[PDB]
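The residues making up each chain are set out below.
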Amino acid sequence: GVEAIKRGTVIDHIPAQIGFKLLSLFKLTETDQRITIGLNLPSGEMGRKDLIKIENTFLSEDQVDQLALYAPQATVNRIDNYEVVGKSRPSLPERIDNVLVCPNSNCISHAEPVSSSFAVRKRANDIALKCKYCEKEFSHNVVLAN
Amino acid sequence: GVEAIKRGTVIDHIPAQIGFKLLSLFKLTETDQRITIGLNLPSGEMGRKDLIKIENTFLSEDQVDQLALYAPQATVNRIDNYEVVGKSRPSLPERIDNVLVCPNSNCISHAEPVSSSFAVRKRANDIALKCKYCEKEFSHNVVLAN
Amino acid sequence: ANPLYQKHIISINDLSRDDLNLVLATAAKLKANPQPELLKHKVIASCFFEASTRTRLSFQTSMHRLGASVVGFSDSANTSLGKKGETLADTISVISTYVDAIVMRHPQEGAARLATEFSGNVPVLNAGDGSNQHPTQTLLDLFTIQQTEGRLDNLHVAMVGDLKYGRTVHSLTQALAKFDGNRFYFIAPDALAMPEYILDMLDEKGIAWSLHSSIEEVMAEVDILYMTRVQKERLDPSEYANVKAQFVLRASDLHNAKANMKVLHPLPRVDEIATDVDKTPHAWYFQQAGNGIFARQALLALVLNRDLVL
Amino acid sequence: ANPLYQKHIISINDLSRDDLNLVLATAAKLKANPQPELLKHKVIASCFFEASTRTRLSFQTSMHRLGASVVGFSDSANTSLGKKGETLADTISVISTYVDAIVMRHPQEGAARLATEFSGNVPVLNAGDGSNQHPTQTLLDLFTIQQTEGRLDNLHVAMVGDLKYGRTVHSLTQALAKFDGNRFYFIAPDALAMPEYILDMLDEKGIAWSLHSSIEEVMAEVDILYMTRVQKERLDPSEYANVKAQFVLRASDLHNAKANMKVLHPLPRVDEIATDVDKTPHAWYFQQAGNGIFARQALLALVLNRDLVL
Amino acid sequence: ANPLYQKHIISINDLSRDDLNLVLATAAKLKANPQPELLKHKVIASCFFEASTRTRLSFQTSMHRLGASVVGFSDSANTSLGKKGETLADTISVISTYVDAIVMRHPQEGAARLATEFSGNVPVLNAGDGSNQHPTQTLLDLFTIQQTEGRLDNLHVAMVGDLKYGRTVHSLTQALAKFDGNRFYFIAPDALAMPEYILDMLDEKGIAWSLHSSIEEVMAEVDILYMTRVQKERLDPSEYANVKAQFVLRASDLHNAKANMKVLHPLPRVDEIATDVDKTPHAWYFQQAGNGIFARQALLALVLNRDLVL
Ligand SMILES: Nc1ncnc2c1ncn2[C@@H]1O[C@H](COP(=O)(O)OP(=O)(O)OP(=O)(O)O)[C@@H](O)[C@H]1O
Ligand SMILES: [Zn+2]
Ligand SMILES: [Zn+2]
């Protein structure tokens, strides 16, 4: 293939510059197996894409839901014994828990031992995320302000 | 396995794990050039290594040296049109400016718009770093923070 | 079993038209026939980490009138949270092993929903959380509106004030949007405007609302005029241009009002309603405050009694 | 021009035995033969952003005693840095276009080096940057040590007190490590022990140092006994166990002291040197203080004069 | 005697194009040929009842650079006005019997005019009276503008920032309105817009001014871009929305700037001029700051000398 793994995931079609944030977000560096990261590769329709290839490793649920909110274009390909057993494009979940931080400075989530949680309303314009606690709804742009 | 490049820099033989740390510490991923990182590659020379190829980018002698602080055994191979034109190896830089922050809480560097600089000194196990401004020496482990 | 037995009364969004109506019918009943020992042998906590005259005192009197005992605090200053640095999560865990219901007021938005993750089986009733929700207030306002208009449907409601940080109007609009054909007119400083998430919800239900620069332009159309206070304690320093009330109701403005129109206010009131309005047939904010006893007696009755027969 | 002309004097670690010796000889010249017009038409800024009596006033009297004019401040509060929030770097940048030399005292370590970048061509003389360096102090202590013991080489020196934040002992241990065969005795509490980097430097030069738990241990051996103050202002809350000086020195102790031994203190003195010591032949610290006039005007004269003073 | 001898310098509105031109020529003379004894035997008071770095220190260095002696205070706290409650008028009345000229900075608008009544024959030089005037600033800005653009007439000048409390822009707009065909672009937030009376005066003289919402709008046209600081200390609580400078200037903006354009700032600078501008050919504000030495000693020399300096 353009590289090759017996078992593993290849996350293709990642937007330019998101690739590295993803590596960091999903703590994919804490591993011992082969990883190939192709930063800023061609992708005809949108020119630059990033490509991560983790050998003999698959993404847990949460990461695939996060992936939906960070890189919707991306396609997770389940490879087993070089066969692309599956190719799946993420869809937005109902709720995102414990990685998002609430824009509301006076939220209770900040000061107390609780996992944050956000409800995902897919607005026609963008993703509206509603905090579990303070009940404010925010633009996903605001919420993902890195 | 990894990729064939036209012209640029391949930092080879990076101790496994450190390869990502280098890409974050020095802004190597902040570019539009194509990069191919291979984390956890069989080396033999060492069990596992990491490798980084940057197409159409070159490093300067100080830049290469700066790498010695994490990867003294790395060979920064210079490539001009598929030819190995140079093989550089990192010496201790006598000073590192801009990338590191002083652990001295009451150092002036924190409150004013100046770039950091630490004098490097090989002491007797690891590397000792003298802050230019507050003049305290700290272990290089410590300066890499927590 | 009644549908509100053991529930947490946190946000208006979690209660239906039916639960609201059940509290009001009960409320009217307790008003007609007092129940002095309906909560005999129950101890309830009144946990106020933020200032209150009405919500705290009305609740504590409702508890007494139904025969419960009360324990609590008027300020966190003296608790091991305020002095020894205990988390609110631990504060609720232990208080839940002592009492039957916890009523709490708190400065940060979401503290009541937080409390429920820790209270175990004990019901938490939200007395106000920062600028978010105030469900018990809404219930005594719905009782007052019912009481005076004889309907909770097809009214003309105007909300005047700091609509941004007013937990009272955030709960009240959500509750009235559960009734048929209610029209809304919002008069606020733009920097203290109604939150877009309530607005979206109203558009989503196909309710009609409008923005207005004055009270006189809507006066002759409204059934209820709902005045609010500028929440100084919640204002960001950028908003200090907005501390003194922009729209002040003076008795002379009511000249072209519907005879039935009622002037409501959560209270405290600062400069926004001139005391001369107090002498008119339209002023109803103290009646409303009084009505808090029946609404809160009704709520408590329902949460702690599996079946009420009254 | 003489070796130090237009030079910044920020740390002892950048001066040579040669430089140090030159400043002291100009000092002995100047002490012997005053030059009142030596800096006639020069304006120096005295910028103290931290407290002082000695350093700032001896410096300003030295400038006047050479004919120069002094402008400046002793408090940060009323500067535009104090009230209007400007950066130190911009402070130094405008001040550089007014005066010929800047004497600066500042509470963060590295402030005077930060100022050299922005002073353009104007020399910066460090009057103390936090707990780091105090090179001016070191020059008057070396003038006094030479003036009493005859020499600066092969001396026995005990430094007692807060060696961790003692800007004075940090620079003086670096200056005496540039002379032959000087012996060091460091008596400090653990928490406030001599900084490691100083010790490494001592080891590299093969300078013998030894830690001691008592003044009586070193008393019979020492030529110079250099006492310091616990830098109260700089202590972390953890270090508040030791704020009172563990080592206090009373006249009684001098029973087995060498008749040449001098007791030096940078001053202020708080509890550590008991007033009864002030009448012994050994007490020299007030003398040391006055020797600041000479060492200071010798430094100023070299830095602003091309021609070596006679 | 020369036109300004013994004159008070309180506001730009009382000076003529003639006076302004005279001060600048004395400045260029003095810059070229220093007169160190020009004020030998004069004592000036430097009375600053408000914070400063530039004004007070450049003024005191100018007095020293002409041979004069400076007495005064930089803080009100330790005067008998500060602690004992005396009136400013009595302060000025006793100070008048000691010095030959008074430089005064004060937080109320009109303080320096108040002082002229009580100074008897002693000239008062205004160093800034609240948000009103700062005539000294205006004289060094005009020296710098002439020094860079060659002329003071037919210039394009944009003043950006807090024009409402900018004592600096109030006086400088009055000074440039005394020269021919100067064009004004005022970029401020509404709340901190240019005072009306300035605008009336501009209209009377047929001076063209225009308000703009952006630096990019004026960039290609402007000769002098004069940036100001939001006078934080002077803002009413209502105005606290705008404390951060709406207009911040980064190096990027200079892409379509005329190769003669100079960026001037009275300083302190806080967020509004981004450090990257400090390396462009356009950045001149530190130069402007230093030009204060010359403009200041030219003013002092005219006011205390009968004979025009050469
Ligand atoms: N033009 C090129 N394009 C891509 N990779 C190249 C190119 N030239 C060299 N490399 C890479 O850089 C490294 C250079 O290998 P080299 O030319 O030194 O032969 P070698 O046997 O690997 O010697 P060594 O073991 O010391 O590296 C290899 O990892 C190779 O992938
Ligand atoms: Zn929240
Ligand atoms: Zn430092």
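**Remarks on the domain arrangement of chain C**
Residue and element names in this part refer to chain C. Taken domain by domain, chain C consists of domain 1 (1-133 + 292-310) and domain 2 (134-291). Its C-alpha centre places domain 1 at a distance of 25 Å from the equivalent point of domain 2. Contacts between the two partners involve 36 residues from domain 1, matched on the other side by 30 residues from domain 2. The junction of domain 1 with domain 2 conceals about 2600 Å² of combined surface from both sides, 56% of it contributed by carbon and sulfur atoms. By the criterion of area lost to domain 2, the three top residues of domain 1 are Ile12, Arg17 and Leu24, representing 25% of everything that side buries.

**A word on the interface of chain A and chain B**
One widely used convention gives an interface's size as the accessible area the parts lose upon coming together. Across the boundary between the two partners, chain A contributes 18 residues, which contact 19 residues of chain B. For the pair chain A and chain B, the two sides together bury roughly 1500 Å², of which 55% comes from carbon and sulfur. Considering only the side of chain A, the residues that lose the most area to chain B are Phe20, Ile37 and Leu39 of chain A, jointly responsible for 34% of the buried surface there. Remark: the boundary between chain A and chain B carries two salt bridges. Here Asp32 of chain A makes a salt bridge to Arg48 of chain B, at a shortest N to O gap of 3.0 Å. Where chain A touches chain B, the interface holds eight residue pairs in polar contact.

**Points about the site of ligand 1**
Residues and elements named next belong to chain B. Around ligand 1, the structure places 14 residues, and the nearest of them are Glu3, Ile5, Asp12, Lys53 and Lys87. One of the side-chain nitrogen or oxygen atoms of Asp12 is found 3.3 Å away from an oxygen atom of ligand 1. The separation between a nitrogen atom of ligand 1 and a polar side-chain atom of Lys53 is 2.9 Å. For ligand 1, whose free accessible area comes to 610 Å², the fraction covered by protein is 58%.

**Concerning the coordination of the zinc ion (ligand 2)**
Residue and element names in this part refer to chain A. Taken together, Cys102 (SG), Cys107 (SG), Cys131 (SG) and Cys134 (SG) make up the full set of protein donors to the zinc ion (ligand 2), lying 2.3 to 2.4 Å away. Taken together, the four donor atoms surrounding the zinc ion (ligand 2) define angles of 101 to 122° at the centre, an arrangement classified as tetrahedral. Within one chain, the residues donating to the zinc ion (ligand 2) are spaced in sequence as C-x4-C-x23-C-x2-C. Placement of the pair is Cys107 in the loop between β6 (95-97) and β7 (117-122) and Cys131 in strand β8 (residues 127-131), with a sequence separation of 24 residues. Taking relative accessible area as the criterion, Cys107 reaches 1% and is therefore assigned buried.

**Some thoughts on the relation of the copies chain A and chain B**
Mapping chain A onto chain B leaves a residual RMSD of 1.7 Å; the transformation is a rotation of 180° accompanied by 0.9 Å of translation along its axis. One copy is carried onto the other by what is essentially a two-fold rotation axis. Ranked by how close their C-alpha atoms come to the rotation axis, the residues of chain A are headed by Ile37 of chain A, at 2.4 Å. Interface overlap between copies is the fraction of interface residues in one copy that are interface residues in the other; for chain A against chain B it reaches 94%, indicating a shared surface.

**Some thoughts on the environment of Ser69 of chain E**
Residue and element names in this part refer to chain E. Relative to the helices and strands, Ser69 is located in strand β2 (residues 69-73). Along the primary structure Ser69 and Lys42 are separated by 27 residues, whereas in three dimensions their C-alpha atoms are 6.1 Å apart. Residue contacts for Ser69: discarding those within four places in its chain leaves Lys42, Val43 and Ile44.

**Description of the UniProt feature "binding site: Zn(2+)" in chain A**
All names here are of chain A. UniProt marks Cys102, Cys107, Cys131 and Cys134 with the feature "binding site: Zn(2+)", using the numbering shown here. Spanning 33 residues, the annotated positions come together in the fold, the maximum distance between their C-alpha atoms being 8.9 Å. Residue placement: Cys102 occurs in the loop between β6 and β7. Take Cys102: its relative accessible area is 6%, and that puts it in the buried class.

**Some points on empty space enclosed by the protein**
Applying the stated criterion to the full structure yields eight cavities of 30 Å³ or more. Empty space within the largest cavity amounts to approximately 270 Å³. Along the walls of the largest cavity sit 25 residues, with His134, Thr168, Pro266, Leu267 and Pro268 of chain E positioned nearest its centre. Among the elements of the structure, α3 (80-84) of chain D together with α2 (54-64), α6 (135-149), α7 (167-176) and α10 (285-304) of chain E are those that each provide at least two residues to the lining of the largest cavity. In terms of residue count, the dominant contributor to the lining of the largest cavity is α10 of chain E (three residues).

The rules behind each value
- Bear in mind the residue numbers are our own, running from 1 along each chain as written, so they may not match the entry, and residues with no coordinates are left out.
- The lettering of chains begins at A and the numbering of ligands begins at 1, in the order of writing.
- Only a portion of a larger assembly is displayed here, and every value given applies to that displayed portion alone.
- Neither water nor hydrogens contribute to the side-chain values; these are computed over all heavy atoms in the structure.
- Residue ranges for the domains originate in an automatic or database domain assignment.
- Whether two residues touch is decided by their heavy atoms; if any such pair falls within 4.5 Å, the residues are in contact.
- Throughout, the accessible surface (probe 1.4 Å) given up by two parts as they are put together, summed over both, is called the buried area.
- Salt bridges are identified by distance alone: a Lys or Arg side-chain nitrogen within 4 Å of an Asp or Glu carboxyl oxygen.
- N or O atoms closer than or at 3.5 Å make up a polar contact, with two conditions inside protein: a donor-capable atom paired with an acceptor-capable one, and, for residues adjacent in sequence, both atoms drawn from side chains.
- Here a residue counts as near a molecule or strand whenever at least one of its heavy atoms sits within 4 Å of it.
- Computed with the Shrake-Rupley method and a 1.4 Å probe, the accessible areas treat only the protein chains shown as cover for residues.
- Here a donor is any nitrogen, oxygen or sulfur atom (N, O, S) within 2.8 Å of the metal, with 3.2 Å used for Na, K and Ca; water is not among the atoms considered, so some sites may look incomplete.
- Here a site with four donors is tetrahedral if all angles are between 85 and 135 degrees, and a site with four or six donors is square planar or octahedral if opposite donors are over 155 degrees apart and the other angles are between 65 and 115; anything else gets the irregular label.
- Strands here are runs of E lasting at least two residues and helices are runs of H or I lasting at least four, both read from the DSSP assignment and numbered beginning at the N terminus.
- Buried means the residue's accessible area, taken with a 1.4 Å probe over protein chains only, is under 20% of the maximum for its type, while exposed means over 50%, and partly exposed covers the values in between.
- Only the C-alpha atoms enter the least-squares fit used to superpose the copies.
- UniProt positions are given in the numbering used here, feature names are shortened, and annotations may be inferred rather than shown by experiment.
- For each structure, a 1 Å grid was placed over the protein atoms alone; sets of points admitting a 1.4 Å probe that cannot get out are labelled cavities, open sets with protein on both sides within 12 Å along at least five of seven lines are labelled pockets, and lining residues have an atom within 4 Å of a point.
- Grid points are joined across faces, edges and corners, and a volume is the space filled by probe spheres set on the points.

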